[PDB]
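Structure file target01.cif; described as mmCIF, C-alpha atoms and all ligand atoms.
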data_my_file
#
loop_
_atom_site.label_atom_id
_atom_site.label_comp_id
_atom_site.auth_asym_id
_atom_site.auth_seq_id
_atom_site.Cartn_x
_atom_site.Cartn_y
_atom_site.Cartn_z
CA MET A 1 93.69 -5.89 18.37
CA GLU A 2 91.89 -2.63 17.55
CA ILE A 3 89.30 -3.19 20.26
CA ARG A 4 86.69 -0.42 20.45
CA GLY A 5 84.65 0.31 23.54
CA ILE A 6 82.04 2.62 25.00
CA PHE A 7 79.94 2.90 28.16
CA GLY A 8 76.35 3.68 28.98
CA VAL A 9 73.47 3.10 31.36
CA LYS A 10 70.89 0.43 30.57
CA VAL A 11 67.48 2.13 30.54
CA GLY A 12 65.16 -0.77 29.81
CA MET A 13 64.04 -3.33 27.30
CA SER A 14 61.53 -3.46 24.45
CA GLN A 15 61.10 -4.91 20.96
CA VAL A 16 61.18 -3.67 17.38
CA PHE A 17 60.16 -5.23 14.07
CA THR A 18 62.48 -5.73 11.11
CA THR A 19 62.44 -6.78 7.51
CA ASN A 20 62.89 -10.54 6.98
CA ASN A 21 59.57 -10.85 8.85
CA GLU A 22 61.07 -11.12 12.31
CA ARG A 23 60.44 -9.72 15.78
CA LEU A 24 63.61 -8.65 17.57
CA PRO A 25 63.82 -7.98 21.31
CA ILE A 26 65.93 -4.97 22.17
CA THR A 27 67.76 -3.36 25.05
CA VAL A 28 67.98 0.41 25.10
CA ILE A 29 71.21 1.96 26.37
CA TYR A 30 71.62 5.65 27.19
CA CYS A 31 75.14 6.58 26.08
CA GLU A 32 76.33 10.04 27.05
CA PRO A 33 79.44 11.00 25.04
CA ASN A 34 82.49 9.85 26.92
CA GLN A 35 85.93 11.39 27.32
CA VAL A 36 89.35 9.79 27.08
CA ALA A 37 91.18 10.62 30.30
CA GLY A 38 94.48 8.85 29.66
CA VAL A 39 96.18 6.83 26.94
CA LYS A 40 98.67 4.08 27.72
CA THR A 41 101.20 3.39 24.97
CA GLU A 42 102.89 0.03 24.52
CA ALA A 43 106.48 1.21 24.91
CA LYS A 44 105.92 3.65 27.77
CA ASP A 45 103.71 1.62 30.11
CA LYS A 46 104.37 -1.99 28.99
CA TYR A 47 100.85 -2.24 27.51
CA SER A 48 98.16 -0.34 25.66
CA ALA A 49 94.78 0.91 26.86
CA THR A 50 92.50 3.93 26.96
CA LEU A 51 91.00 5.39 30.13
CA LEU A 52 87.47 6.73 29.81
CA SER A 53 85.64 9.05 32.19
CA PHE A 54 81.86 9.17 32.25
CA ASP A 55 78.68 9.96 34.17
CA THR A 56 79.38 13.67 34.48
CA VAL A 57 78.57 15.08 37.91
CA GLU A 58 78.68 18.44 39.63
CA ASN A 59 82.08 19.32 41.07
CA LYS A 60 80.65 19.55 44.60
CA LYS A 61 79.57 15.90 44.72
CA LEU A 62 83.11 14.73 44.07
CA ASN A 63 86.08 13.85 46.23
CA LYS A 64 88.96 16.32 46.34
CA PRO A 65 91.81 14.19 44.91
CA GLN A 66 89.63 13.30 41.93
CA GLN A 67 88.54 16.87 41.24
CA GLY A 68 92.18 17.90 41.46
CA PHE A 69 93.03 15.23 38.91
CA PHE A 70 90.31 16.56 36.62
CA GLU A 71 91.33 20.21 36.93
CA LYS A 72 94.98 19.38 36.28
CA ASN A 73 94.19 17.20 33.27
CA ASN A 74 91.69 19.66 31.70
CA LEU A 75 88.57 17.47 31.68
CA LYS A 76 84.96 17.57 32.70
CA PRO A 77 84.47 15.99 36.14
CA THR A 78 82.95 12.52 36.02
CA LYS A 79 81.73 10.13 38.66
CA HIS A 80 83.27 7.10 36.93
CA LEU A 81 86.63 6.32 35.38
CA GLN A 82 87.44 2.93 33.87
CA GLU A 83 89.70 1.82 31.06
CA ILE A 84 89.62 -0.51 28.07
CA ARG A 85 92.60 -2.64 27.10
CA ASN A 86 93.81 -2.48 23.50
CA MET A 87 92.02 0.68 22.45
CA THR A 88 94.57 2.51 20.35
CA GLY A 89 93.16 4.78 17.67
CA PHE A 90 92.40 7.68 19.99
CA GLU A 91 94.14 10.65 21.57
CA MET A 92 93.74 12.70 24.76
CA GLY A 93 90.93 15.03 25.79
CA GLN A 94 88.52 13.95 23.04
CA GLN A 95 84.78 13.31 23.25
CA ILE A 96 83.71 9.87 22.01
CA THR A 97 80.18 8.95 20.98
CA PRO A 98 78.89 5.47 20.07
CA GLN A 99 78.04 6.64 16.55
CA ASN A 100 81.75 7.21 15.92
CA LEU A 101 82.66 3.64 16.92
CA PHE A 102 80.14 1.06 15.72
CA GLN A 103 78.48 0.34 12.39
CA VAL A 104 74.71 0.26 12.02
CA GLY A 105 74.26 -3.50 12.28
CA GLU A 106 77.49 -5.08 13.43
CA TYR A 107 78.52 -7.36 16.28
CA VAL A 108 79.35 -6.17 19.79
CA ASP A 109 79.64 -7.75 23.19
CA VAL A 110 78.28 -6.32 26.41
CA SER A 111 79.63 -6.53 29.94
CA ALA A 112 77.55 -5.45 32.92
CA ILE A 113 77.36 -6.13 36.62
CA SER A 114 74.65 -8.75 36.92
CA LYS A 115 71.55 -8.70 39.11
CA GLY A 116 72.35 -9.41 42.74
CA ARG A 117 70.23 -12.49 43.58
CA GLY A 118 71.01 -12.77 47.28
CA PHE A 119 72.44 -15.63 49.27
CA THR A 120 71.02 -18.46 47.21
CA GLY A 121 71.12 -22.19 47.70
CA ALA A 122 72.89 -24.85 45.71
CA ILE A 123 69.92 -26.11 43.69
CA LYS A 124 69.15 -22.65 42.28
CA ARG A 125 72.80 -21.78 42.10
CA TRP A 126 74.42 -24.79 40.42
CA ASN A 127 71.30 -26.14 38.67
CA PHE A 128 71.38 -29.17 40.94
CA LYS A 129 68.46 -31.55 41.31
CA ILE A 130 65.97 -31.95 44.16
CA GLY A 131 65.66 -35.13 46.18
CA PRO A 132 62.32 -36.84 45.71
CA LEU A 133 59.43 -35.66 47.84
CA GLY A 134 57.18 -38.69 47.65
CA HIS A 135 57.53 -41.77 49.82
CA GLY A 136 58.59 -39.65 52.78
CA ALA A 137 62.16 -38.72 51.91
CA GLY A 138 63.19 -37.00 55.13
CA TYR A 139 63.35 -33.36 55.91
CA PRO A 140 66.70 -32.40 54.39
CA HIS A 141 65.57 -32.81 50.77
CA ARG A 142 66.93 -29.64 49.17
CA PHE A 143 70.67 -30.16 49.43
CA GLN A 144 73.85 -30.27 47.38
CA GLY A 145 74.00 -34.01 47.11
CA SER A 146 76.69 -35.99 48.85
CA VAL A 147 79.98 -34.07 48.99
CA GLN A 148 81.85 -37.30 49.54
CA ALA A 149 85.23 -37.89 47.95
CA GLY A 150 86.63 -40.84 49.92
CA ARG A 151 86.15 -42.51 53.30
CA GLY A 152 89.18 -43.70 55.22
CA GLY A 153 92.67 -42.31 55.33
CA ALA A 154 93.83 -44.01 52.16
CA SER A 155 91.29 -42.60 49.74
CA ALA A 156 90.57 -38.88 50.06
CA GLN A 157 89.45 -37.91 53.56
CA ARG A 158 88.34 -34.36 52.71
CA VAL A 159 86.24 -32.07 50.53
CA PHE A 160 87.76 -30.98 47.25
CA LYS A 161 88.97 -27.43 46.76
CA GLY A 162 86.53 -25.58 44.55
CA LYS A 163 83.51 -27.71 45.43
CA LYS A 164 79.97 -26.72 44.44
CA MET A 165 77.97 -25.62 47.49
CA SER A 166 75.62 -22.79 48.36
CA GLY A 167 76.77 -19.19 48.52
CA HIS A 168 76.57 -15.69 47.05
CA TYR A 169 75.12 -15.40 43.55
CA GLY A 170 74.54 -12.33 41.43
CA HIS A 171 76.18 -8.93 41.60
CA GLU A 172 79.08 -10.35 39.61
CA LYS A 173 80.29 -9.38 36.17
CA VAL A 174 79.11 -11.34 33.12
CA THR A 175 79.31 -10.78 29.31
CA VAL A 176 77.09 -11.80 26.30
CA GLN A 177 78.89 -11.97 22.92
CA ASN A 178 77.77 -11.52 19.27
CA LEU A 179 74.72 -9.32 20.10
CA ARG A 180 74.17 -7.07 17.01
CA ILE A 181 73.46 -3.29 17.20
CA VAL A 182 70.10 -2.28 15.60
CA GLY A 183 70.13 1.50 15.53
CA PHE A 184 71.01 4.79 17.17
CA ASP A 185 69.35 8.02 18.26
CA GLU A 186 71.56 11.11 18.17
CA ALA A 187 68.79 13.26 19.65
CA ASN A 188 68.74 11.31 22.93
CA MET A 189 72.32 10.01 22.70
CA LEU A 190 70.82 6.56 22.79
CA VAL A 191 71.66 3.16 21.30
CA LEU A 192 69.75 -0.04 20.59
CA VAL A 193 71.26 -3.49 21.11
CA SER A 194 69.79 -6.86 20.27
CA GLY A 195 69.23 -9.46 22.93
CA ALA A 196 69.00 -9.14 26.69
CA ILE A 197 71.69 -7.28 28.63
CA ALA A 198 72.76 -8.33 32.10
CA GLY A 199 72.22 -5.97 35.00
CA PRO A 200 69.28 -4.16 36.56
CA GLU A 201 67.35 -1.42 34.81
CA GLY A 202 69.66 1.55 35.33
CA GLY A 203 73.09 -0.06 35.84
CA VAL A 204 76.35 0.65 34.03
CA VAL A 205 76.93 -1.21 30.77
CA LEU A 206 80.15 -1.51 28.77
CA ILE A 207 80.09 -2.33 25.05
CA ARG A 208 83.18 -3.68 23.28
CA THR A 209 83.87 -4.97 19.80
CA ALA A 210 83.21 -8.69 19.92
CA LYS A 211 86.35 -10.80 19.97
CA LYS A 212 84.68 -13.81 18.33
CA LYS A 213 83.54 -11.85 15.25
CA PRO A 214 85.66 -8.69 15.19
CA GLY A 215 84.62 -6.86 12.06
CA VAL A 216 81.67 -8.99 11.00
CA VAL A 217 78.55 -7.02 10.11
CA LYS A 218 75.28 -8.24 8.70
CA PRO A 219 72.85 -5.39 8.08
CA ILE A 220 69.35 -5.50 9.51
CA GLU A 221 66.76 -2.88 8.57
CA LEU A 222 63.46 -1.88 10.12
CA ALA A 223 59.83 -2.44 9.18
CA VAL A 224 58.23 0.95 8.50
CA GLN A 225 54.45 0.72 8.68
CA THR A 226 52.20 1.23 5.66
CA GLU A 227 48.74 0.75 7.23
CA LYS A 228 46.86 3.99 7.90
CA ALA A 229 43.16 4.86 7.96
CA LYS B 3 133.30 -27.13 81.59
CA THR B 4 134.97 -24.89 79.00
CA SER B 5 135.25 -21.51 77.27
CA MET B 6 131.94 -20.86 75.45
CA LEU B 7 132.31 -20.93 71.63
CA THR B 8 132.16 -17.42 70.07
CA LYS B 9 128.99 -16.62 68.15
CA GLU B 10 128.18 -13.38 66.36
CA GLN B 11 124.69 -11.99 66.96
CA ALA B 12 123.15 -9.10 65.00
CA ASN B 13 126.75 -8.28 64.04
CA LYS B 14 125.93 -8.97 60.40
CA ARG B 15 127.33 -7.05 57.43
CA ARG B 16 126.41 -8.23 53.96
CA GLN B 17 127.93 -7.25 50.62
CA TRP B 18 126.16 -7.66 47.31
CA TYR B 19 127.53 -9.65 44.41
CA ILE B 20 127.13 -10.20 40.67
CA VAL B 21 127.58 -13.38 38.67
CA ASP B 22 126.86 -13.49 34.95
CA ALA B 23 125.30 -16.93 34.45
CA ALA B 24 126.23 -17.04 30.78
CA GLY B 25 127.25 -20.63 30.16
CA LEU B 26 127.11 -22.29 33.55
CA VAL B 27 124.86 -25.25 34.29
CA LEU B 28 121.89 -25.19 36.62
CA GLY B 29 122.89 -27.31 39.60
CA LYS B 30 126.57 -26.43 39.77
CA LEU B 31 125.53 -22.79 39.81
CA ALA B 32 122.80 -23.49 42.34
CA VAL B 33 124.99 -25.03 45.06
CA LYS B 34 127.38 -22.10 44.85
CA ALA B 35 124.49 -19.64 45.04
CA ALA B 36 122.97 -21.47 48.00
CA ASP B 37 126.24 -21.43 49.92
CA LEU B 38 126.86 -17.78 49.12
CA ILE B 39 123.39 -16.90 50.37
CA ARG B 40 123.68 -18.92 53.57
CA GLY B 41 127.14 -17.54 54.23
CA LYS B 42 128.37 -21.11 54.63
CA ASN B 43 131.84 -20.01 53.48
CA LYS B 44 132.14 -17.21 56.05
CA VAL B 45 134.98 -17.66 58.50
CA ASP B 46 132.50 -17.03 61.36
CA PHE B 47 129.29 -18.87 60.45
CA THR B 48 126.65 -18.52 63.12
CA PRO B 49 123.87 -20.99 62.24
CA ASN B 50 120.98 -18.69 63.18
CA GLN B 51 121.72 -15.12 62.07
CA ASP B 52 121.56 -14.89 58.25
CA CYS B 53 125.25 -14.08 58.09
CA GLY B 54 125.24 -14.50 54.31
CA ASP B 55 125.51 -12.11 51.39
CA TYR B 56 123.11 -10.91 48.71
CA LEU B 57 123.20 -12.14 45.14
CA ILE B 58 122.12 -11.06 41.66
CA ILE B 59 122.11 -13.53 38.77
CA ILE B 60 122.25 -12.14 35.24
CA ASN B 61 121.41 -13.66 31.85
CA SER B 62 119.30 -16.44 33.31
CA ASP B 63 117.99 -17.72 29.98
CA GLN B 64 121.50 -18.56 28.78
CA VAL B 65 122.06 -21.27 31.40
CA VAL B 66 122.35 -24.79 30.02
CA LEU B 67 121.18 -28.26 31.04
CA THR B 68 123.45 -31.15 30.09
CA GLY B 69 122.25 -34.17 28.16
CA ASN B 70 118.85 -34.59 26.56
CA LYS B 71 117.12 -33.24 29.68
CA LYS B 72 115.69 -30.35 27.66
CA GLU B 73 113.03 -32.74 26.36
CA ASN B 74 112.83 -35.45 29.04
CA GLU B 75 112.87 -33.95 32.54
CA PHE B 76 109.77 -32.03 33.62
CA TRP B 77 109.05 -29.47 36.30
CA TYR B 78 105.65 -29.82 37.94
CA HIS B 79 103.51 -27.39 39.86
CA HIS B 80 100.19 -28.30 41.44
CA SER B 81 97.40 -26.09 42.66
CA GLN B 82 95.28 -27.49 45.45
CA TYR B 83 92.51 -28.39 43.00
CA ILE B 84 92.20 -31.63 41.00
CA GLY B 85 93.62 -31.89 37.52
CA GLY B 86 95.81 -28.94 38.45
CA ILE B 87 99.15 -30.45 37.43
CA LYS B 88 101.00 -27.93 35.28
CA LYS B 89 103.82 -29.88 33.66
CA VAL B 90 106.49 -28.02 31.70
CA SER B 91 109.68 -29.17 30.00
CA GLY B 92 113.25 -27.95 30.20
CA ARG B 93 113.21 -26.44 26.72
CA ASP B 94 110.04 -24.54 27.63
CA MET B 95 111.49 -23.42 30.96
CA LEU B 96 114.62 -22.08 29.32
CA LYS B 97 112.38 -19.89 27.15
CA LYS B 98 109.12 -18.93 28.87
CA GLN B 99 110.30 -18.46 32.46
CA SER B 100 114.03 -18.86 33.10
CA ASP B 101 114.42 -16.82 36.28
CA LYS B 102 111.77 -18.95 37.97
CA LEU B 103 113.81 -22.01 37.03
CA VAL B 104 116.96 -20.82 38.82
CA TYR B 105 114.87 -19.46 41.70
CA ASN B 106 113.22 -22.82 42.33
CA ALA B 107 116.44 -24.77 41.79
CA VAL B 108 118.06 -22.61 44.45
CA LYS B 109 115.23 -22.62 46.99
CA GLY B 110 115.02 -26.40 47.25
CA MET B 111 118.66 -26.56 48.30
CA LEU B 112 117.94 -24.59 51.47
CA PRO B 113 116.73 -26.30 54.66
CA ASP B 114 113.08 -26.49 55.69
CA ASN B 115 113.46 -23.65 58.08
CA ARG B 116 112.34 -20.16 59.04
CA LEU B 117 115.25 -18.23 57.56
CA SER B 118 115.11 -20.23 54.33
CA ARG B 119 112.13 -18.18 53.23
CA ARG B 120 114.06 -15.11 54.39
CA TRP B 121 117.30 -16.28 52.79
CA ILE B 122 115.79 -17.01 49.39
CA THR B 123 114.63 -13.42 49.01
CA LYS B 124 118.30 -12.43 48.92
CA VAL B 125 118.51 -13.94 45.42
CA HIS B 126 117.56 -11.65 42.53
CA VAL B 127 117.54 -13.56 39.23
CA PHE B 128 117.20 -11.12 36.30
CA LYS B 129 116.58 -12.93 32.93
CA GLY B 130 118.71 -10.46 30.87
CA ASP B 131 122.00 -8.51 31.25
CA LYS B 132 120.40 -5.16 32.10
CA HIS B 133 119.10 -4.48 35.65
CA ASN B 134 118.09 -1.69 38.07
CA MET B 135 120.33 -2.86 40.92
CA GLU B 136 123.40 -0.89 39.88
CA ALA B 137 122.65 1.44 42.80
CA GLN B 138 123.79 -1.02 45.46
CA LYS B 139 127.39 -1.13 44.15
CA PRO B 140 127.92 -4.90 43.83
CA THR B 141 131.23 -6.59 43.41
CA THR B 142 131.63 -9.08 40.57
CA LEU B 143 133.09 -12.58 40.65
CA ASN B 144 133.13 -15.43 38.15
CA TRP B 145 131.28 -18.72 38.61
CA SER B 146 129.72 -18.50 42.03
MG MG C 301 62.25 -40.24 61.33
#

What is this file in structure tokens?
Amino acid sequence: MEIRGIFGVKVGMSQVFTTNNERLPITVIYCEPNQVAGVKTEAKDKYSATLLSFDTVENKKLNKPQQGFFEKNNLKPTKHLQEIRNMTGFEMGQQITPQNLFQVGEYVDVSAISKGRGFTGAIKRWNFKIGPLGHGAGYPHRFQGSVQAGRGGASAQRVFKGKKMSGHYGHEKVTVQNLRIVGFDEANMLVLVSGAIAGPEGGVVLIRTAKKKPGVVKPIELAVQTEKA
Amino acid sequence: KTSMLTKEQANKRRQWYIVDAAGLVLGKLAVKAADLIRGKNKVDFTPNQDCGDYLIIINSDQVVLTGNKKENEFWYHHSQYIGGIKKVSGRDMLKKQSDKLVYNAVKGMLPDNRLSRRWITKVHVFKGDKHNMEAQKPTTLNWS
């Protein structure tokens, strides 16, 4: 549809108090104004999308083909370029800030590269269970269960494609939906999101308009103090 | 002993073709396509040299299946997982993917072989009349 998107860097997590007598955890996202670097139209390129360049860097610390692309296209050089499908209401060479995209208290979703958790075993990875430790249950008691599917040539005689065994976990993309936006800060070019955002403190964080609840907004205010002495 | 039979080798010359698959049926089209690809009709058919011609099939979605097959005969495709049967019906194949239908119906008619996978790539099945293969200067013949 009219999907709207923006990028930032997750700077950390804290909490803030609202009316309705509620405590609300918060993630804080530093959002430098972005810059559309290309627009794909439906007829011309068989689909629609908008290509956004961000994390401005000095021209020196940049590869030559990219800096040539930036000079030819009349942009500011950026370390990152990535694009959002089905962003339409924008043109070329324009600066985009989060204030110009999202209401004060509406619903977004956040994608971010998760926290790399190392080569981890099945029981932490797939929430499997641990063989009993009492009564002397033999030294391999932290395993993926029995991977059996059938013994003897008639039945199965193999392990099933897409089994659940140990492997690499973390450092993969995930997304949390319907997390509302609390407030902004134009001074610091900074935004506040409800909930907990995937990724380490300092990663790259994409915000899109939630597909589940596209335009839905329910306003949430703050809780200005009135106790002084 | 006797005179050794003549057999062309890397002496291949292949001419493109065009058939507009407007109102043909699947299988009767498919055998003709398979033979044209293999070069089975060539006067000098060497069984191991890909002596056959190229082929472009146009207006794939207009092909017809006789009888009530459009609702009763299914095409299956399985991934290697479990519960991976994707089962589609003739009416849905003549709409969603039609070129894949003719492609598969042609491929199965070729032998389990090492040129079969190199023969089948000589079949280009565009779904609609327009194409980008006007550059190769094909001939045009009806119902083959
Ligand atoms: Mg023992």

For a cutoff of 9 Å around the file-coordinate point (69.4, -27.1, 49.3), which residues qualify once you count only C-alpha atoms? I'd like the result as a list in words.
residues 121, 122, 123, 124, 128, 130, 140, 141, 142, 143, 144, 145, 165 and 166 of chain A

Write out as JSON lines a residue-level contact list of chain A versus ligand MG 301 (chain C) with cut-off 12 Å: for each qualifying residue the closest pair of atoms and the distance in Å to one decimal, counting only C-alpha atoms and all ligand atoms, rows sorted by chain and residue number upward.
{"residue": "A:136", "atom": "CA", "partner": "C:MG301", "partner_atom": "MG", "distance": 9.3}
{"residue": "A:137", "atom": "CA", "partner": "C:MG301", "partner_atom": "MG", "distance": 9.5}
{"residue": "A:138", "atom": "CA", "partner": "C:MG301", "partner_atom": "MG", "distance": 7.1}
{"residue": "A:139", "atom": "CA", "partner": "C:MG301", "partner_atom": "MG", "distance": 8.8}
{"residue": "A:140", "atom": "CA", "partner": "C:MG301", "partner_atom": "MG", "distance": 11.4}

Set the distance at 12 Å and use all atoms listed in the file: which residues neighbour residue B:78 once local chain neighbours fewer than 2 positions away are removed? I'd like the list as JSON, numbers by chain.
{"B": [75, 76, 80, 81, 86, 87, 88, 89, 90, 91, 92, 95, 103, 106]}

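With only C-alpha atoms as the atoms that count, the minimum distance from chain A to the choices B:115, B:51, B:146, B:82 is reached by B:82.
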
Please return, as a PyMOL selection string, all residues of chain A lying within 8 Å of chain B when all atoms listed in the file are considered.
chain A and resi 160-162

Shell around stretch 55-65 of chain A at 6 Å using only C-alpha atoms, local window under 4 positions removed, as a PyMOL selection string:
chain A and resi 77-79

Residues from the last selection, C-alpha atoms, saved as a tab-separated table (two decimals), keeping the file's coordinate frame:
chain	number	residue	atom	x	y	z
A	77	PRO	CA	84.47	15.99	36.14
A	78	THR	CA	82.95	12.52	36.02
A	79	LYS	CA	81.73	10.13	38.66

Two-atom distance - atom CA of residue B:49, atom CA of residue B:35 (Å)
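Between atom CA of residue B:49 and atom CA of residue B:35 the gap works out to 17.3 Å.
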
Centre and edge lengths, as JSON, for the axis-aligned box enclosing every listed atom of stretch 72-88 of chain B with 8 Å of padding on each of the six sides, in Å to one decimal?
{"center_x": 103.9, "center_y": -30.8, "center_z": 35.9, "size_x": 39.5, "size_y": 25.4, "size_z": 35.1}

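Remark: residues at most 12 Å from position (128.1, -21.0, 33.0) in file coordinates are residues 21, 22, 23, 24, 25, 26, 27, 28, 29, 30, 31, 32, 34, 59, 60, 61, 62, 63, 64, 65, 66, 67, 68, 144, 145 and 146 of chain B, using only C-alpha atoms.
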